[PDB]
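S.K.: I am attaching a structure below and will ask some questions about it afterwards.
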Number of protein chains: 2
Amino acid sequence: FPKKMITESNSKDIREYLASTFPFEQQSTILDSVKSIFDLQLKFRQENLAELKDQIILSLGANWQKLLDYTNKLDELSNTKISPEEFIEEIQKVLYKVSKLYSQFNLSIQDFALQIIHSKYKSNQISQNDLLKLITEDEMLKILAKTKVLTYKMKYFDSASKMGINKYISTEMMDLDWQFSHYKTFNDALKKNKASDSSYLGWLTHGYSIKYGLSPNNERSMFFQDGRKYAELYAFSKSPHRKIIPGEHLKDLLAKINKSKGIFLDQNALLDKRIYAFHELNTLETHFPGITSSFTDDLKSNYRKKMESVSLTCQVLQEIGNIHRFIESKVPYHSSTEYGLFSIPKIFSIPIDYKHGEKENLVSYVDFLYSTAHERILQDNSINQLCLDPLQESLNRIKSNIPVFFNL
Amino acid sequence: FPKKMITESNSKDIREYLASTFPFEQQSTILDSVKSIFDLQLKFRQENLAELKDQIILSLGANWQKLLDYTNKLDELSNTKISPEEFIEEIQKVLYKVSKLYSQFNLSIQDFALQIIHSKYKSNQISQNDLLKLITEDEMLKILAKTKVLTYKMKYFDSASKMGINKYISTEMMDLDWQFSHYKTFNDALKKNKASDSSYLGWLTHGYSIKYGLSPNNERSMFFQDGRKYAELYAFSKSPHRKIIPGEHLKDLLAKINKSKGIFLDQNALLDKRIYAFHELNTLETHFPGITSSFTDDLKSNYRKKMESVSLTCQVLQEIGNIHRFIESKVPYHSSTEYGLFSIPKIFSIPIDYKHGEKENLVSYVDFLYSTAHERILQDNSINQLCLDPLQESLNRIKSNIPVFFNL
């Protein structure tokens, strides 16, 4: 299928549609850097807790009793206007004390508690100081990292695998999804308060992404899952001395960085290895600016532009996956959710029929998304394997399915 | 009771006795810095495993089955001459996969595996390179720290509490005891290989000492149990720049160090607080030399000599506790061990009667031990609370009991 080139002009109709249609209104879009362009979450979240409780009650008719107490306690704590001190103390107890079916229910309870913390902050029921007292605890950071990784894996891994974008899942881009908005406010508060906390959280999160099979590799990592390696990275970031003949105690880190850059740039290396090296290098540069930079042997070997290209490709594939799941939800006689367990309650389910002008806006969104990407990626022979090829394959897949779903 | 002053001369008789009598032969003594002076562990360790197995078999007559498989597997693996590669792979599986009674048995199995690793290294059945491949793994270091702390707590905490020396238990001196010799070889190998590993292990060990109630305090620590704090300490040790107007990013550490020094030196502070501050400062200075030093405000405020005095006091109290437990074992109709669960098997039990000249050597050992201490401690008014007082009280206790135990 030929790729699309329709520039970027007259996008008023699409911009309005995305700002007024669920779930697009609860998220941003890449179509925002081009220089050519609440009060409902409460009732939505309340109904999800009611459905979870109803399923637990039924299973006890066949330690489930313990799960029901926690579920009832969270519902009780959320719909009551009490003192901030009491809310903090009560919620801390629940989170710290927490078969295939049992694990799934257990994780949802943990995630709902964080959603409840999130709703109270936005409604000014708790101040900024009380929030920081909670989330700056090392145990809270480890809970945030593990719950984010595990919840993301539970919901979209099978969907992503059936379409073929699982290899491009990026830890640095899991907070852009509409269901993970609460994590972004917490990260933003931590960055403003103390930049070192956001970097430590990022390092932990990627370590857990590695541990739980999101980034598979035969060889063990060389930067994550080890307190000494974080200590070395921290020591390196705090250095006014820009390595004028540095010491032998930190000269092994540059060799490891160079080996990964060599592997990434090596066009003969296996696809699986290059993407792993990309994910490793992307996190390091985002949270430790300048660690992967080394003048003189970077200007000839175009590196910066290649990283930008792969990062744009990853973002685009995620937005396409969300659009695909959306279109696949408007099918007659559905009675099931495509966004994971306890995602959309029956009361707030997506309407079965198409609203007037929706089809045209969706096709325009798709076309503008593919046309914006092409004007930025690097077209050459050394990289056309991690960027152009997957984008073309995805375009081929989306254009084949759309004419089928729009005809009942 | 008047304190003892008999100098140090003609100690040939005592030195020989300690080198030929169990368990003194399996340990060192402080009487070694004064300028005036195997093949059995195998059968001892083998018999202890047989007694543990025999008790598990009996309890199954009332998941105990799982514990018996591990116990049988360790006995099978130890008495067989196989390839180093197979031993490494088999032992790793056991250690990583591991009521009040159940926990005690579970910890002993873990400790025995480390004792088996220790025996193979000394008999040259495994090389130095294979040993380092195992013990340099982060998980192995965490296992070493937790098992050391928990095993030490299981065996001597009640004994130490009944005599009154529990507050002076020092993490930096738990490897001098005859039963913890295997830990010292591992620490020495790590220091020679990479000094940063011994410091990281020490930091973890003290963090676990704090976590498991060995060093109680109302307020949370400010240096341990937090990866960011280790990162700050590491960054500080790697600094050729000796803080000529340092940066604001590490100026909060000196305030925290100064607050602890202020508390330690404050004669009006509670006993519990001063000893906690002492233990915190002692670990920092041992593993991060120079961190607690600050010229000009240290020479007038005698600090170095006070730390030396408390450290000597702690060592002396530990040696006295071992002597007390030894004398208390030679009592008619005993049929029980004073050195903890599965410490001394019936076959190798301590003889009931006294060997000729033993009583005189024990009294000489005690007298020389108390006389050597007095010639080194600081005698003043600002510290005579953490050193002289406990030593006098201990002397009073030991002299009252000895004339009773030596008369049947």
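Here, A, B, ... name the chains of the structure tokens in the order displayed, residue numbers run from 1 inside each chain, and ligands are numbered from 1 in the same displayed order.
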Taking only C-alpha atoms into account, what are the residues of chain A at most 12 Å from chain B, put as number ranges by chain?
M.R.: A: 136-139, 141-142, 194-201, 203-204, 220, 224-241, 246-250
S.K.: Atoms to include: N, CA, C and O atoms. Write the selected residues as a compact mmCIF listing (two decimals), in the first residue's frame.
M.R.:
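Listed below is the output, result-v2.txt:
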# COMPACT_ATOMS: atom_id res chain seq x y z
N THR A 136 7.35 9.42 48.61
CA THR A 136 8.81 9.49 48.63
C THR A 136 9.43 8.35 49.42
O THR A 136 10.66 8.26 49.51
N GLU A 137 8.62 7.47 50.01
CA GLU A 137 9.11 6.31 50.73
C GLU A 137 9.59 5.26 49.72
O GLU A 137 8.91 4.99 48.73
N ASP A 138 10.77 4.70 49.98
CA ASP A 138 11.35 3.69 49.10
C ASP A 138 10.38 2.55 48.80
O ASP A 138 10.26 2.12 47.64
N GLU A 139 9.65 2.07 49.81
CA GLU A 139 8.70 1.00 49.58
C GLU A 139 7.56 1.44 48.66
O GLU A 139 7.12 0.65 47.81
N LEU A 141 7.86 3.64 46.24
CA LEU A 141 8.41 3.67 44.90
C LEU A 141 8.49 2.28 44.28
O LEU A 141 8.17 2.11 43.10
N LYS A 142 8.89 1.28 45.07
CA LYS A 142 8.93 -0.09 44.57
C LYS A 142 7.53 -0.62 44.25
O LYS A 142 7.35 -1.31 43.24
N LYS A 194 12.45 16.73 43.64
CA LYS A 194 13.82 16.24 43.67
C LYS A 194 14.08 15.32 42.48
O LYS A 194 13.70 14.15 42.48
N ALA A 195 14.74 15.89 41.47
CA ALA A 195 15.04 15.22 40.20
C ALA A 195 15.67 13.84 40.36
O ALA A 195 15.41 12.96 39.53
N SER A 196 16.48 13.61 41.39
CA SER A 196 17.09 12.31 41.62
C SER A 196 16.08 11.20 41.90
O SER A 196 16.35 10.03 41.59
N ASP A 197 14.90 11.54 42.42
CA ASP A 197 13.86 10.54 42.67
C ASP A 197 13.24 10.01 41.39
O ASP A 197 12.98 8.81 41.29
N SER A 198 13.03 10.87 40.39
CA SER A 198 12.49 10.40 39.12
C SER A 198 13.47 9.47 38.42
O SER A 198 13.06 8.47 37.83
N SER A 199 14.76 9.76 38.52
CA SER A 199 15.76 8.91 37.89
C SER A 199 15.86 7.56 38.58
O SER A 199 15.95 6.52 37.90
N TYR A 200 15.80 7.54 39.91
CA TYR A 200 15.81 6.28 40.64
C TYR A 200 14.57 5.45 40.33
O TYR A 200 14.67 4.23 40.12
N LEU A 201 13.40 6.09 40.29
CA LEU A 201 12.17 5.39 39.93
C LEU A 201 12.26 4.80 38.53
O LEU A 201 11.83 3.66 38.31
N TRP A 203 14.94 3.88 36.87
CA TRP A 203 15.87 2.76 36.90
C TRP A 203 15.20 1.52 37.48
O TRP A 203 15.32 0.42 36.93
N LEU A 204 14.43 1.70 38.56
CA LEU A 204 13.72 0.56 39.14
C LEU A 204 12.70 0.00 38.15
O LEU A 204 12.57 -1.22 38.00
N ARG A 220 22.57 -11.69 30.84
CA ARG A 220 22.15 -10.80 31.92
C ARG A 220 22.56 -9.36 31.64
O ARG A 220 23.56 -9.08 30.98
N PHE A 224 21.31 -2.63 35.20
CA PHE A 224 20.14 -2.62 36.05
C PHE A 224 20.17 -3.78 37.03
O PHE A 224 21.04 -4.66 36.97
N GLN A 225 19.20 -3.77 37.95
CA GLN A 225 18.99 -4.81 38.95
C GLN A 225 20.19 -5.00 39.89
O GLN A 225 20.39 -6.09 40.42
N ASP A 226 20.98 -3.94 40.09
CA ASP A 226 22.14 -4.03 40.97
C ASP A 226 22.41 -2.66 41.59
O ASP A 226 22.73 -1.71 40.88
N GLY A 227 22.27 -2.57 42.92
CA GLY A 227 22.49 -1.32 43.63
C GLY A 227 23.83 -0.66 43.37
O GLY A 227 23.92 0.57 43.35
N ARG A 228 24.87 -1.46 43.14
CA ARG A 228 26.19 -0.92 42.84
C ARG A 228 26.22 -0.21 41.50
O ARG A 228 26.91 0.81 41.34
N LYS A 229 25.44 -0.69 40.53
CA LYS A 229 25.43 -0.06 39.22
C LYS A 229 24.70 1.27 39.28
O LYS A 229 25.12 2.24 38.63
N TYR A 230 23.62 1.35 40.05
CA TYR A 230 22.97 2.63 40.26
C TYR A 230 23.92 3.60 40.96
O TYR A 230 23.93 4.80 40.65
N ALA A 231 24.70 3.10 41.92
CA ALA A 231 25.66 3.94 42.61
C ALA A 231 26.69 4.50 41.63
O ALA A 231 27.06 5.68 41.71
N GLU A 232 27.14 3.68 40.68
CA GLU A 232 28.10 4.15 39.69
C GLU A 232 27.48 5.19 38.77
O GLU A 232 28.11 6.22 38.47
N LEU A 233 26.25 4.96 38.31
CA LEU A 233 25.58 5.93 37.46
C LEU A 233 25.35 7.26 38.18
O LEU A 233 25.54 8.33 37.59
N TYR A 234 24.98 7.20 39.46
CA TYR A 234 24.77 8.41 40.25
C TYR A 234 26.08 9.16 40.42
O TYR A 234 26.12 10.38 40.26
N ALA A 235 27.15 8.44 40.77
CA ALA A 235 28.46 9.06 40.92
C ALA A 235 28.87 9.76 39.63
O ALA A 235 29.45 10.85 39.66
N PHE A 236 28.57 9.14 38.49
CA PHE A 236 28.91 9.73 37.20
C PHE A 236 28.10 10.99 36.91
O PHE A 236 28.64 11.96 36.35
N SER A 237 26.82 11.01 37.25
CA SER A 237 26.05 12.21 36.93
C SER A 237 26.52 13.41 37.73
O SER A 237 26.47 14.55 37.25
N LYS A 238 26.98 13.18 38.96
CA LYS A 238 27.49 14.25 39.82
C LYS A 238 28.99 14.43 39.58
O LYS A 238 29.83 14.06 40.40
N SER A 239 29.34 15.01 38.44
CA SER A 239 30.74 15.22 38.09
C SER A 239 30.95 16.51 37.31
O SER A 239 30.72 16.55 36.09
N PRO A 240 31.37 17.58 37.98
CA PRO A 240 31.79 18.78 37.23
C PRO A 240 33.00 18.52 36.35
O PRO A 240 33.14 19.14 35.29
N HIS A 241 33.89 17.62 36.77
CA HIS A 241 35.07 17.26 35.99
C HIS A 241 34.64 16.41 34.80
O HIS A 241 34.12 15.31 34.97
N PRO A 246 40.26 10.42 33.04
CA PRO A 246 39.59 9.99 34.27
C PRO A 246 40.31 8.86 34.99
O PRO A 246 41.36 8.40 34.54
N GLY A 247 39.75 8.41 36.11
CA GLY A 247 40.37 7.37 36.90
C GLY A 247 39.94 5.99 36.43
O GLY A 247 38.96 5.83 35.71
N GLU A 248 40.70 4.98 36.86
CA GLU A 248 40.44 3.59 36.50
C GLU A 248 39.20 3.02 37.16
O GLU A 248 38.74 1.94 36.78
N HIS A 249 38.65 3.72 38.16
CA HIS A 249 37.52 3.21 38.92
C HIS A 249 36.19 3.38 38.19
O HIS A 249 35.17 2.85 38.66
N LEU A 250 36.16 4.09 37.07
CA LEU A 250 34.93 4.31 36.33
C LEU A 250 35.17 4.22 34.82
O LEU A 250 34.36 4.65 34.01
S.K.: So which residues touch segment 72-86 of chain A within 12 Å, counting only C-alpha atoms, skipping near sequence neighbours fewer than 4 positions away, as a ChimeraX atom specification?
M.R.: /A:42-43,45-54,56-57,65-68,90-95,108-121,123-131,133-134
S.K.: Choose the residue, out of A:215, A:371, A:103, A:336, that has the smallest atom-to-atom separation from residue 166 of chain A; count only C-alpha atoms.
M.R.: A:215
S.K.: What parts of segment 52-178 of chain A does DSSP call helix (DSSP H, G or I)? I'd like the answer as number ranges by chain.
M.R.: A: 52-59, 64-78, 84-96, 100-122, 128-135, 138-163, 166-168, 171-173, 178
S.K.: Determine the nearest neighbour of residue 328 of chain B from the options B:373, B:284, B:408, B:387, counting only C-alpha atoms.
M.R.: B:408
